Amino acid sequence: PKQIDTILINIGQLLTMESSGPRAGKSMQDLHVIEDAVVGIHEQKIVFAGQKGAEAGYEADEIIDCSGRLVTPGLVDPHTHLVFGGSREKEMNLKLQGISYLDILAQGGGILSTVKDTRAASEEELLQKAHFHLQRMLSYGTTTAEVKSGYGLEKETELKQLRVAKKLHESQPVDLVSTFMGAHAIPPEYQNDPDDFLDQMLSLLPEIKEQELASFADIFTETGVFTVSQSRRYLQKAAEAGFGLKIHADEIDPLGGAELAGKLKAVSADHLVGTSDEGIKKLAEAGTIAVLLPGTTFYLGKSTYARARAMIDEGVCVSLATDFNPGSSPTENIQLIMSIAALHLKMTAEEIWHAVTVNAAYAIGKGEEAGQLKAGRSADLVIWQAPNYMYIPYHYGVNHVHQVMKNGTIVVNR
């Protein structure tokens, strides 16, 4: 019967992002915009979302007047390292002094610095710290996010990070996708035996699988870290073990991480700053989603961003993320990422919106559950303090959120 819980009326602009799959190449530009719209919600799910009139015959218990505001699905942040101990502010001077990201790491700092902190922090402290950051992420519009482990580089801590991720997911509104990234860096105890280290991380997959602590396996394929050869062997093992594949590829040096991702049919390849044309073609060919992290580029103090236009021109499905982490991108503001995407990745507003909703969702195996406002989907949406979708990435560095809804309930009210 047409008796539902909630209905949003007088929506100035509604972006349903309705799609039948990830958006690649030209389809990323095809943004469907509905003026003067409405959204019907019942039992935490979307009943209807479209032109004014669709609410005809319906009786709702709660009518939300959006005052001509912009409404879109809740945002998806497909790549973060949410759970971590300590912070790296004391490393700012090293970067200012011109020491490269990799040289800091080779010095025993960077990821290895955060590893010490994360290993030392209690499970309760990590949970408390992550809740704060995750709620801030929520306040900026993120209702679904991917979170990677990778600051343990040992059985105890990696497992602790995954358990924390599980707690967070079950104790607050943001839905989380967990990724095991024990292969983030080479810990001191394995400096001269990286392959053995990788095997130790692989030995953790069975129990991680049994306890459902992670759905994907990631790795940092980079100079001074893991080679393409080691990454292939590791990822193939991960796939046999039943995990989806992700990879931090061609972030700094052009090693061919992208090509490997495509060959292994990874769900996504992330960073891709130094990816070759062959890598771009391989990504498009395999349907591997290219998750760009313009925040990390900007934060590293660099001027060369990933070649997003070339990727889109070549048929790649592009996505974006904060890469929220203490070392190279300490920001929860996915909206700023949208702005950076426009100004430095040279993406259009349309492409950007598809990037943080539909493509972000598919990049983490949630293509059928998030990023779209259509019948059956969980009622996850954002009512913005803006009249149109171009305004969001246009006005930068702030929070444009008016209200955030998760499962049909307002969880953020500004």
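When you see a residue number, it is the position in the sequence shown, counting from 1.
Visitor: Between 154-162 and 185-193, which has the higher average C-alpha B-factor in the PDB entry?
Guide: Between 154-162 and 185-193, it is 185-193.
Visitor: May I ask you to compare 91-99 and 258-266 by their mean CA B factor in the entry and name the higher one?
Guide: If you average the C-alpha B-factors of 91-99 and of 258-266, the larger mean comes out for 91-99.
Visitor: Maximum C-alpha temperature factor per the entry, among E222, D218, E146, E170, belongs to which one?
Guide: When the deposited C-alpha B-factors of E222, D218, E146, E170 are compared, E170 is largest.
Visitor: Highest CA temperature factor in the entry: which of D77, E125, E332, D250?
Guide: Out of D77, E125, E332, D250, the record gives the largest C-alpha B-factor to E125.
Visitor: Is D30 in the lowest, middle or highest third of its chain when residues are ranked by C-alpha B-factor?
Guide: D30: CA B-factor falls in the middle third of its chain.
Visitor: Would the CA B-factor of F48 place it in the lowest, middle or highest third of its chain?
Guide: Highest third.
Visitor: Can you work out whether the C-alpha temperature factor of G376 puts it in the lowest, middle or highest third of the chain?
Guide: Middle third - that is where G376 ends up once the chain's C-alpha B-factors are sorted.
Visitor: Going by the entry, which third of its chain does the Cα temperature factor of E351 land in?
Guide: Lowest third - that is where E351 ends up once the chain's C-alpha B-factors are sorted.
Visitor: Give the position of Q13 by CA B-factor within its chain, expressed as the lowest, middle or highest third.
Guide: Its C-alpha B-factor belongs to the middle third of this chain's values.
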